[PDB]
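Participant: The structure under discussion is supplied below as structure tokens; questions concerning it will follow.
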Amino acid sequence: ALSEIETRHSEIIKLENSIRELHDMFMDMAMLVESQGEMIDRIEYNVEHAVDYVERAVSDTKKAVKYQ
Amino acid sequence: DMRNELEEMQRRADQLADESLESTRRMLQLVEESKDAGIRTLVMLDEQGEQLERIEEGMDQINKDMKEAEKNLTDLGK
């Protein structure tokens, strides 16, 4: 009778609440992931520049000391 | 002889629904949106992992180069 009606009316709102919370969490996740990706791209650029300069400097100093 | 008898008729209570078509559609739409967001997150995470793997090799190479250069300079200095 009314027991099943109330059960059906009470087992739907909770799903909506949980789904909305999941939605908010996923959105925040996406934004922060984009930010982290940009940061990592900058990281890679800096690392590449550093390694290239290391190669250049070591080669230059080695040749200079070899020739004296 | 006022002894009467009867027969019965039946009716079916409405099946369990008529609340499963308004929250249901919204639930399905939200599920679809969450699925799309999850797919996008998958793609972005894979790209980030690839980029980190790429960074590792340059990191190791610079470490090795600096160590070798320092050792060589120390050896020549003394």
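In order, the residues displayed for chain A correspond to 191-258 in Swiss-Prot numbering, which applies throughout.
Every residue, even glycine, has its Cβ placed from backbone N, Cα and C.
Among the features that Swiss-Prot reports, SUMO cross-link is placed at A:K252, A:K253, A:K256, with the record citing similarity to another entry. Sequence annotations record features per position, and here Swiss-Prot assigns domain 't-SNARE coiled-coil homology' to A:192-254.
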Participant: Out of A:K252, A:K256, which of these recorded sites shows the lowest number of other CB atoms within 10 Å of its CB?
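Facilitator: Counting other Cβ atoms within 10 Å of each of the recorded sites A:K252, A:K256 gives the minimum at A:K256.
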Participant: Take the Cβ of A:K253 (SUMO cross-link) and count every other Cβ within 10 Å, whichever protein chain it belongs to.
Facilitator: 9
